[PDB]
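For the protein sequence lines, the chains are F, D and C, in the order given. Numbers 95 to 168, 217 to 239, 247 to 451, taken from PDB author numbering, label the letters of the first sequence in order. Numbers 16 to 931, 947 to 1126, 1135 to 1376, taken from PDB author numbering, label the letters of the second sequence in order. So for the third sequence, PDB author numbering puts the first residue at 341; every next one is plus one. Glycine is no exception: its CB is placed at the ideal position from the N, C-alpha and C atoms. To keep things clear, I will list the structure first and then write my remarks on it.
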Amino acid sequence: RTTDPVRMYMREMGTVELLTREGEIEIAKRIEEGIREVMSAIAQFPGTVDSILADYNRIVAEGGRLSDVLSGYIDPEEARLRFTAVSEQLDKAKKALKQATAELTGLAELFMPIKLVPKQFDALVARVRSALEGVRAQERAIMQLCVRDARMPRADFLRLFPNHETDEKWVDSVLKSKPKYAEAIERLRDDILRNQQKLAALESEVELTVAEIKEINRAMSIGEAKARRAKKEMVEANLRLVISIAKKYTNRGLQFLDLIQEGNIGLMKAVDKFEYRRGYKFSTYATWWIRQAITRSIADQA
Amino acid sequence: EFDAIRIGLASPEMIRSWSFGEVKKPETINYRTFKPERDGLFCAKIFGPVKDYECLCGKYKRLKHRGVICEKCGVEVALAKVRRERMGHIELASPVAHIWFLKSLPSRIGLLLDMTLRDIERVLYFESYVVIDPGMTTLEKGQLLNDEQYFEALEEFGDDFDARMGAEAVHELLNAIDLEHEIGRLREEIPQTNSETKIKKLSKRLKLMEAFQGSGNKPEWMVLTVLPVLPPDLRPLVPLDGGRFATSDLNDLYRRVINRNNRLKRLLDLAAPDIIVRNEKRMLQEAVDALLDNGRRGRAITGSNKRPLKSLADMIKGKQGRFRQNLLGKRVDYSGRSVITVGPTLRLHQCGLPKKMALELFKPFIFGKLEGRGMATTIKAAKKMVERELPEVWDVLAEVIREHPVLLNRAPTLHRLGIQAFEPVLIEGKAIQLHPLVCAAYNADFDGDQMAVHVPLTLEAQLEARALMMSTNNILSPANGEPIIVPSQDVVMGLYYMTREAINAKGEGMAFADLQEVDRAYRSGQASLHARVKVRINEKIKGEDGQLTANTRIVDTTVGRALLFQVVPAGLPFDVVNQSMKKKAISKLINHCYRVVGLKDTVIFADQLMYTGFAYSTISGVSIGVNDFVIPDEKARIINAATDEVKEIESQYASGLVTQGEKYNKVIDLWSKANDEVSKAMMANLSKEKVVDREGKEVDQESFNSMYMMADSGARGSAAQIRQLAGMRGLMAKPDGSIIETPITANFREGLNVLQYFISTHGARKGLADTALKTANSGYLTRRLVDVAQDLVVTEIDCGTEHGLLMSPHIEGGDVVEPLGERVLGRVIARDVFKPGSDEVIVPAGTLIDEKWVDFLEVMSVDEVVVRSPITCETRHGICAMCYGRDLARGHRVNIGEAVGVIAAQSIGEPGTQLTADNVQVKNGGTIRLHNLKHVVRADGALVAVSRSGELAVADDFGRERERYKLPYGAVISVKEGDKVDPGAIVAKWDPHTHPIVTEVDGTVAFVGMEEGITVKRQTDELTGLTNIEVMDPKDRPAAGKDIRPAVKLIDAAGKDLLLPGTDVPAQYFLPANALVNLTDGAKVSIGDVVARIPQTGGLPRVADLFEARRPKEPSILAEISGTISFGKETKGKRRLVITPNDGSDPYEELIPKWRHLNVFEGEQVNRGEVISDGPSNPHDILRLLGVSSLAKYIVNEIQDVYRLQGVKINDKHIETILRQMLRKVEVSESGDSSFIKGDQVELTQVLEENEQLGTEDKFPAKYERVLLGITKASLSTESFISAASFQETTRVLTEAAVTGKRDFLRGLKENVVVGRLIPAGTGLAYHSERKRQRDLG
Amino acid sequence: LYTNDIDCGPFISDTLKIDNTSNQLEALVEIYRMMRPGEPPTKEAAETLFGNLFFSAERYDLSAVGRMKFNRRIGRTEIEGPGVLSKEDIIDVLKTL
RNA sequence: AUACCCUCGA
Ligand SMILES: [Mg+2]
């Protein structure tokens, strides 16, 4: 029944082990795989690709900088060529909106190697999750309406309604099923139908259906989860490094655990900004960020 | 106004209600601009404005809008005092458990979940999961799962099993308690199990659940999801000079908590891995725990210092442990101190006061008088005059001092006498002049002592100083009616020297017409101060009440005695002053004068006595010189004789004849006898060392040697110290306690050698080291005594009960320790008092016994009387004014509102610093009487008494018992009840040396089962020392002889079976191992013949043990129920002695392990009160078996022995008062209206039973058993929580009050002290009564 | 087993009948568990901790006075000795006790 | 004008 928190931190963290630099390369490869998957998913959203074209237009019009948009691949002239190719792919896909699905798959293939600055990443994420939030809010609105007013059963709810959410087929089918609940639904036809009109407007903005958007966002979520798992493995690997470096500043007017936690935050920041093509050991780059975090934490307490 | 302060758990909603903002930033003040920052620990948005009636920007500076908050300045403009009431809150990312409800010895959060504190700690420290909402699954809600276990459970189930970790899991558990269902289930399961431990645990569970249900408290509130922050001025940063800032521990802890909370939110918002998240949650839990308390689990530390940080728990605990230094101590104004100085020209009511101290203390009074007289117009002019010390300011200072008493107290005030009011007189100097006669009460000598002076301000305060605590009012000690303002060393010496007698002196023989002529002759030098003369006097006697008879009489006395009698007031005879006037005689004279003449004449008499004592100790040039220590001449001879004896004994030991162990005792006894003989010779020489000539032939007289006077007068010194000064110092003790084999032969006049000095250093170092620990223990004991007996104040006048304690003179041993007069003086009679012949009422009813009544009782032969005692007086919440008898500080009965409990505690604890066999031989001749004796006559009339309860008394001719002795079992006594036995006679010829077994029946015994080698052994000693058989030990016997026990079957001389009365079974007592049965089996044994014979601290710790009602390492084993005792089966290892009372058989009897020797003999009356095995009694068994009055007598006698050993006299009223406070709680057996077993105040149970009698049913009344609690336990178990919280264990009592939702109605002394209200006792009683009138009656 | 009843009692033999510790690694890990509770012990870590606590020139030292007094009390002619506790020193202290 | 440490007096 050890009461020392440092002791149990050592116990819980001590289960994981280090790994040689090829292991770090593999973990960075996993991170790259996840971000490539989520970016390829983003490619299947026309609004996001139009937005990246707009950011490039700012680049050309000097409204954005090279270091504020792109982050290399697996000079702006290669960027010129790649975005001209991606725009031609976009136009040829839009022209024949069957073969359009193959055109978007090629579009995802072409946009797949590209890498961008994290701010645009969060912007793309915000857009896709806002579309998801709108769809989910429409779901909740219709659900609360029908369940709490017409007493319409949850079984037929979760059987017949889902995955369409946009056409009058489900309303008419429930009406033809002829329960008293469908009779009470007739008072709520107007609001549900006008909300589904807004959903249809949102779909026509994105040119895609509910099932398609669900597939893309699910794939993006899987990629984000893969990247998160890779980062978790890497930080659990470098916990030993962070405790070893945190020894330096014990009697600096701050607790040991606060120091190691700040160093942990620094090392997660380092993982967020680490690449394997640098051909370097992790510890060299992690030391700088951990020192920055710990030193800033102690300086803030002066 | 307000009352009934509540305590409860803090709700998150009410925590929000308390706060005025959400503290979010760790830092406090910007280094560039020195104003508090937004959302910081000092932010103006939350806590208020830095400057009174100001804002952050200065947009509004006017003093008009005191509540409006500006647009640009959201910090509302208000008074600067508001920074003390405004608090904030911190929103925690995750809930954290409260440290107090976790780490208290009974863990409230653990008890509420029926899970051990270890498991909860495992969950909190993120070591194991816990299960919430088990649903339809194998897992249970109380089940804890490890990482692998939880992973397997999740894989197997997949859902319908909510498992969490951390304080979030505990919070999710707490709010799903459903206290109603749990209470119902636990109540249903409470009587199903008969296990005492399990029933106790479930009873505690029920208590907690009902407390939560009734108190409006919610279990989820234990784990706080939001915590407050102290207002900034209560956790201030005091800037160090030089621009540094001193940060309080509270600020550091708050900053740590804020930092960890901010880290938590910003690491969960980015989805950090689970391990680091849980580590951060653990850190936040630890930081909040360190903020709330420290050292319980983690013992958090500060930066660059090994001193731990001070949390809120240590802050509310206060300095000096739990004794609140701010709410009880509270440094005051209008006070000062200086070294004290004896002022012999002071009257008893006044004290000297330096000009500067008086001028500083009474400064506002001087300003007021200056403005009133118009001598000063502006206060600046008044300050200029008072600082210039202009000659006219002394006049106004004299006017403000004239009738304004001041308070003087010493550093350790062990009793109320340690602070008394004096009417100051201006003196020239810097020291406070004290009256010599008040030094004894203050326990203050003038070797460097200092005194604090306080100036009462209100007319109430001045009148209380003059009427209650003026120095003249308190002459008699509150501990005992004996006076405390009595002549001390020097004045006693003067009075003793004045009233001596010389065989031949100048002026002896002639007769004087008056005391005036005696003074005229002495001052003219024609007569010695102590010369046997004749003088006629005019004494006024007060023999008849209201009639002062004056008579003129010629008395043979000395000049000094006649001179001193001129001081004596006009109500006492001259015979009271005709003796040598020793210290004890003078104290008794003052006591008699107080009770005869009055108080004002008594203080005048005391002042006159002090004046004459000083004057005639100055006139007598008494002095200490090297020739005063008279060494006896026989000391050399005695020392040489003892040296020869020890040399002979040492030679004998060298021969080997004498053992070292016996030689040690022999030589120490020899040296002690020699020391006693030397001391006796020295005292006999010194006392009579005066040869004088009386007109020719030489004669002897009492010595006039100065040291002998200093001893005999009692002024200063004792015989034990002259034993060192003029005789051999005697044996001294090594540090281990063993007396050193060689003594110190030399005295302090001769001077000691180096080795003897080193031994005396052993002794003196031991004593000096013991002194400090004695003082500390006495202080702690008196603090506990005061805190346990503070609510007890006289409230009623006559409660009406007629129960009390039978008080008889204490005659333990051959001498009367305390006469009946001293025990019942100042008390009140409980029932009728009768003559030796009944039907004649002597003392009718509750008449307060006074000096006249005690003299009347002495004139008659009253021996045993019953008096009303504070252990009686069953009144509620207080004590009646009768059962507490005469006040001791005053001559009359106590008055309603006297805090006799605090006086009792102070009286007991003040003198703590002074702390650290065969036959009966009658002392004097008296008619012998028997008490509590149960024995039949022997064949020849020996009257052997086998009953253990029994005593022998020798009643005097009048009828009172002059001496009593404890008669043991099997004592042969020449019974002569009514026949006087001469002194020194041996009436009882007991000689146990063994545990004899009497044979109440007769006839030819049948020793059945006496096996020679298995049960008995016919072992005869050398030289035919015994023609008997030795009983074989049960283990030393064979395999079959182990279970066989000898039995002397009861048969008559012809073979007829006989049995003892009451029980059908014969009195066939078994013969155990190590027995002595000399009578042959089959031989007629007389009635009472011995059948079986089986051979067999002090100071402050002892009084503390008695007041705590502790259990020693080996308590005395006592009988449970009276009846027929049996034999204990030793084979099992614990003796089981079943009791079979004749009135009704109760087979229940405990088993006593044979690890301690048991002296119980089977086949006799159990006598529940009596003792089974020796040892110090356990106060409890006495209480629950003998009763309450018996426990009262035992405890009072036990404490009084310890106090009388050092000769300090304390009235028993105080010990009985503390006893009443300890016996204030009773436990219930069969409730019918309450819980089965509960510690409830006897007042509560009595009220409930009285209401139930005139209520629903008649059987609703409850039966309960009285229980005794120690002072440190009785004080903490009071109904009020504020009283207990400021005594000890503040955390425990505060958590208990929080969970129980206690309410404290401020109805005690400490409650009103801490809350600043008038005391419910003394003069505040009227205010409290009026408040009750206005509150209870609408 | 050469022993007696009145004198020469089995104080050690009785103690050795407990703790179920046979291998020196078991004793080392038990000592690591006692001195450093909670943390799971490894062979190298426990061995290093025990060695550092027992017979390292750093983290442990008896001054000349300490060695001289220990030798005198346990019984030894040599006044000077090693600064650290010897392997047989603990055995000597056990014998003396 | 806050906490420890040291020393000293009763
Ligand atoms: Mg003194």
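Starting from residue i, find everything on chain D with Cβ-Cβ shorter than 7 Å and list it in chain order.
| i | result |
| --- | --- |
| F/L406 | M298 |
| F/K381 | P288 |
With burial defined as no fewer than 16 other Cβ atoms inside 10 Å of the residue's Cβ, what is the status of residue i: buried or exposed?
| i | result |
| --- | --- |
| D/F988 | exposed |
| D/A741 | buried |
| D/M224 | buried |
| D/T760 | buried |
| D/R388 | exposed |
| C/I431 | exposed |
| D/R200 | exposed |
| D/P121 | exposed |
By Cβ distance below 8 Å, which residues in the same chain neighbour residue i in space, the five residues on each side in sequence not counted?
| i | result |
| --- | --- |
| D/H607 | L587, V591 |
| D/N910 | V809, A896, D902 |
| D/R275 | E295, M298, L299, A302 |
If the cut is a Cβ gap below 9 Å, which residues of chain F does residue i touch?
| i | result |
| --- | --- |
| C/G391 | Those within 9 Å of C/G391 in chain F number zero; the least Cβ separation is about 21 Å. |
| D/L282 | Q410, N413, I414, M417 |
For ligand 1, is there a heavy atom less than 7 Å away from the beta-carbon of residue i?
| i | result |
| --- | --- |
| D/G463 | yes |
| C/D429 | no |
| D/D460 | yes |
Can you name the residues of chain F whose CB is closer than 8 Å to the CB of residue i?
| i | result |
| --- | --- |
| D/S319 | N400, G402 |
| D/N274 | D407 |
| D/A184 | Those within 8 Å of D/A184 in chain F number zero; the least Cβ separation is about 17 Å. |
| C/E379 | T96, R101, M104, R105, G108 |
Excluding five sequence neighbours on each side, which residues of the same chain lie with their C-beta closer than 6 Å to the C-beta of residue i?
| i | result |
| --- | --- |
| F/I334 | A299 |
| D/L1221 | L1229, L1306 |
Beta-carbon within less than 7 Å of residue i's beta-carbon, same chain only, minus the 5 sequence neighbours each way: which residues are those?
| i | result |
| --- | --- |
| D/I639 | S721, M722 |
Output, in chain order, the set of chain D residues within a Cβ distance shorter than 9 Å of residue i.
| i | result |
| --- | --- |
| F/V355 | Neighbours of F/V355 on chain D: none; closest Cβ ~27 Å, over 9 Å. |
| F/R377 | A286, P288 |
Using a Cβ cut-off of 7 Å, pull out every chain F residue sitting near residue i, in sequence order please.
| i | result |
| --- | --- |
| D/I290 | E106, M107, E385 |
| D/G313 | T97 |
| D/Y144 | Under the 7 Å cutoff, chain F gives no residues; its nearest Cβ is about 14 Å from D/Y144. |
| D/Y140 | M102 |
Answer yes if the stretch 336-344 of chain F comes into contact with the stretch 291-301 of chain F, meaning at least three C-beta pairs across the two stretches below 8 Å, and no otherwise.
yes
Kindly confirm or deny that the stretch 465-480 of chain D and the stretch 392-408 of chain D touch, where touching means at least three C-beta pairs closer than 8 Å.
no
Give a yes or no on contact between the stretch 1138-1152 of chain D and the stretch 950-958 of chain D, applying the rule of three or more CB pairs nearer than 8 Å.
no
The stretch 100-117 of chain F contacting the stretch 348-368 of chain F, beta-carbon criterion three pairs below 8 Å:
no
Below 8 Å, how does it come out for the stretch 407-427 of chain F and the stretch 243-250 of chain D: are there three or more Cβ pairs, yes or no?
no
So does the stretch 105-112 of chain D actually touch the stretch 234-244 of chain D, counting three or more Cβ pairs closer than 8 Å?
yes
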